[PDB]
Amino acid sequence: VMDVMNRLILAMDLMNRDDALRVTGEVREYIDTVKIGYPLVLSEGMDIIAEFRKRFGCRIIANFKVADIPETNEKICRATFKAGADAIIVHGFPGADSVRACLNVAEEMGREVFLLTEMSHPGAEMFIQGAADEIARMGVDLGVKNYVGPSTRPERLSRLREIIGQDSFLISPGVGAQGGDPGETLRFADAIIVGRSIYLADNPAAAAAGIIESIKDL
Amino acid sequence: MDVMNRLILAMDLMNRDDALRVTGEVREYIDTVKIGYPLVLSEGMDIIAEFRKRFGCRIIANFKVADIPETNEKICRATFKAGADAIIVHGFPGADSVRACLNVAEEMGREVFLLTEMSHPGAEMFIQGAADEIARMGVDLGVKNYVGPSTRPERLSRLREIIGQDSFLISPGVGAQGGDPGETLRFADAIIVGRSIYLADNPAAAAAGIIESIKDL
Ligand SMILES: O=c1ccn([C@@H]2O[C@H](COP(=O)(O)O)[C@@H](O)[C@H]2O)c(=O)[nH]1
Ligand SMILES: O=c1ccn([C@@H]2O[C@H](COP(=O)(O)O)[C@@H](O)[C@H]2O)c(=O)[nH]1
């Protein structure tokens, strides 16, 4: 599995290239894995992935929450890996064929797929939560090795970890701003995803350092 | 929304030159183009303004928005800043995520299209069972634009029943995925067509052919 430094992944959702680059550079000594999503990509272009690789020695996870039909999912994954992303996040709710499409491209291109099971926000309780355990089981059956689960719901994250097993890799967003606790989340997740708590801080480096200090024993 | 010929072109080619050439070849038949991630991630968001400059067509961004509220807001802002007139949003993530998109759309003078049931086989696993409820959620939220499957006319009809005849409904899955143009228009206001047109030997002839088959509609 990817070796995430300090078990901490930066969710870089600033939409300004200059700010995104500045903040990421400031926390570079604490984090070697960065998650770039559509807020930044739709604002600055896919080349931003290239720029991050050039400026920082960081792995890139594209949080594109892929959720289209198989044919379109394949195109999205191909374009994303072509740009330099090490991995891509894919939604499981659209079904097995949509996920399989992403897995096929990842296999062909030598990259990885992370399957998003349950989401961390309140609305996730309406439809996703009830399908989450099955979505996770589906991922296991499809051979998915990397997963994304909610920090905001410890009990749900715990169940997801059981379903996927100890060998699977699990990362979890919702830490900080959304209410999730770093240490508690790491009881089940291999790494925590943190965005606003770090990038909106007056001193992002200090914020990252503080989070790492709180989980030093882990 | 007045869609010419009730036909929306799904421009999923991933080359700027080809995307522009093919769209130009069928411009006389359409005035509404749906641009998705295949083209945007390959050529950049500047392609939206380019389409408006060359064709003056309306642009629907098929971005299947499906993140948390905070991120959905940012995605909608970046999308509308690029010149998109409307954006497609997934309903499965819940009401708060949809509301976030509705807020930005209202602020920038745009429209949100709520995707309730998808057109591919995998949609039967989790989405289909929640589709009717997702549609009712849209109604409760004041959504007036929806997306339903051409591949399942009975499901598309049910969606129309739930949202009423005043709501606007567009439908993908026509052609390549097996959906029929005319049957789909019994329930949807407009059909979305991608590959049947952009992968055709003669895109213009393909578009003309589809329109001929629905001339009476
Ligand atoms: O269930 C999910 C899946 C993805 N994210 C993403 O993870 C990051 C969380 O950032 P923050 O709340 O720490 O600022 C964002 O990029 C967000 O879009 C969630 O928050 N929850
Ligand atoms: O349930 C859905 C929602 C969206 N699309 C999109 O609509 C277009 C259909 O294109 P095609 O099958 O006519 O080529 C594509 O852009 C695809 O991603 C579907 O096909 N089904």
Side-chain angles (χ1 to χ4, degrees), chain A residues 1-44 48-63 84-87 89 114 119-122 148-154 157 169-218, chain B residues 67-75 77-78 100:
Chain A
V1 304
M2 55 169 65
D3 184 0
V4 180
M5 185 178 287
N6 291 143
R7 303 181 69 181
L8 176 64
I9 300 175
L10 171 70
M12 177 40 58
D13 300 307
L14 285 174
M15 303 167 77
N16 174 292
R17 175 173 167 289
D18 298 313
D19 295 326
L21 291 168
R22 183 191 68 256
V23 174
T24 303
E26 302 182 331
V27 302
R28 206 278 200 64
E29 73 187 2
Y30 300 109
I31 302 171
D32 69 358
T33 306
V34 179
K35 189 172 73 63
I36 295 180
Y38 284 133
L40 181 54
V41 164
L42 298 183
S43 293
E44 298 293 350
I48 194 66
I49 296 298
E51 187 65 54
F52 269 56
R53 289 293 300 178
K54 179 180 183 299
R55 299 197 57 174
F56 323 116
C58 67
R59 300 191 192 74
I60 298 295
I61 297 176
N63 176 37
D86 292 283
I89 296 177
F114 275 71
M119 288 180 75
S120 64
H121 66 301
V148 184
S151 166
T152 52
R153 302 198 189 83
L157 188 64
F169 195 63
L170 175 61
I171 63 179
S172 180
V175 177
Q178 296 179 58
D181 182 72
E184 293 306 302
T185 304
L186 289 179
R187 290 181 294 173
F188 312 115
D190 289 283
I192 49 175
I193 292 165
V194 178
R196 284 167 289 170
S197 289
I198 290 177
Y199 73 68
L200 291 184
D202 288 337
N203 187 339
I211 291 168
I212 293 173
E213 176 58 48
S214 74
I215 64 173
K216 184 175 179 57
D217 293 355
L218 306 179
Chain B
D67 212 297
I68 66 175
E70 178 59 59
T71 295
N72 276 12
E73 181 179 306
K74 292 181 177 176
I75 292 174
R77 286 187 185 293

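Throughout, protein chains are lettered first and strands after them, A, B, ... in sequence-line order, and every chain is numbered starting at 1.
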What closest approach, in Å, do A:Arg53 and A:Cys58 show between heavy atoms, and which atom pair accounts for it?
-> NH1-O, 2.8 Å

Pair A:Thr24-A:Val34, side chain to side chain contact (heavy atoms under 4.5 Å, CB included): steps then yes or no = CA-CA 8 Å; A:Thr24 303; A:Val34 179; 4.1 Å; yes

d(A:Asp190 CG, A:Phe169 CZ) to nearest 0.5 Å is 5.0 Å

Inspect the contact between A:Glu184 and A:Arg187 and indicate whether a charged nitrogen and a carboxylate oxygen are less than 4.0 angstrom apart.
-> yes

Minimum-distance pair of heavy atoms, taken over all atoms of A:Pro182 and A:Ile215 | CB-CG2, 3.8 Å

Determine the minimum heavy-atom distance between A:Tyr30 and A:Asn6, stating which atoms define it.
-> O-OD1, 2.9 Å

Kindly determine whether A:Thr33 and A:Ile61 satisfy side chain to side chain contact (heavy atoms under 4.5 Å, CB included), including the steps that lead there.
-> CA-CA 8 Å; A:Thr33 306; A:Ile61 297 176; 3.9 Å; yes

Nearest heavy-atom neighbours spanning A:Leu218 and A:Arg7 | O-NH1, 2.9 Å

Check ion pair A:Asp32-A:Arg59 (N to O, under 4.0 angstrom) = yes

At what distance, to the nearest 0.5 angstrom, does CD1 of A:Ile192 lie from CG of A:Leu186?
-> 5.0 Å

Evaluation steps, side chain to side chain contact (heavy atoms under 4.5 Å, CB included), between A:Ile198 and A:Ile31 = CA-CA 11 Å; A:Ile198 290 177; A:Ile31 302 171; 4.1 Å; yes

Check: B:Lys74 side chain, A:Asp13 main-chain N or O, donor-acceptor pair, under 3.5 Å = yes

State the CZ-CZ distance between A:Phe52 and A:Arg17, to the nearest 0.5 angstrom.
-> 9.5 Å

Interatomic distance, CD@A:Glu51 vs CG@A:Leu21, rounded to 0.5 Å, equals 5.5 Å

Pairwise distance CE(A:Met2) to CD1(A:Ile171) - rounded to 0.5 angstrom | 7.0 Å

Starting from the C-alpha separation in whole Å, work towards a yes-or-no answer on side chain to side chain contact (heavy atoms under 4.5 Å, CB included) for A:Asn63 and B:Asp67.
-> CA-CA 9 Å; A:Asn63 176 37; B:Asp67 212 297; 3.4 Å; yes

Would you indicate whether the side-chain heavy atoms of A:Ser120 and B:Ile68 approach each other to under 4.5 Å?
-> yes

A:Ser172 side, atom OG; A:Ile9 side, atom CD1 - distance, nearest 0.5 Å = 10.0 Å

Shortest non-hydrogen contact between A:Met119 and A:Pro150, atoms and distance | O-CB, 3.6 Å

Closest non-hydrogen contact found for A:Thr152 with A:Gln178 is CG2-O, 3.6 Å

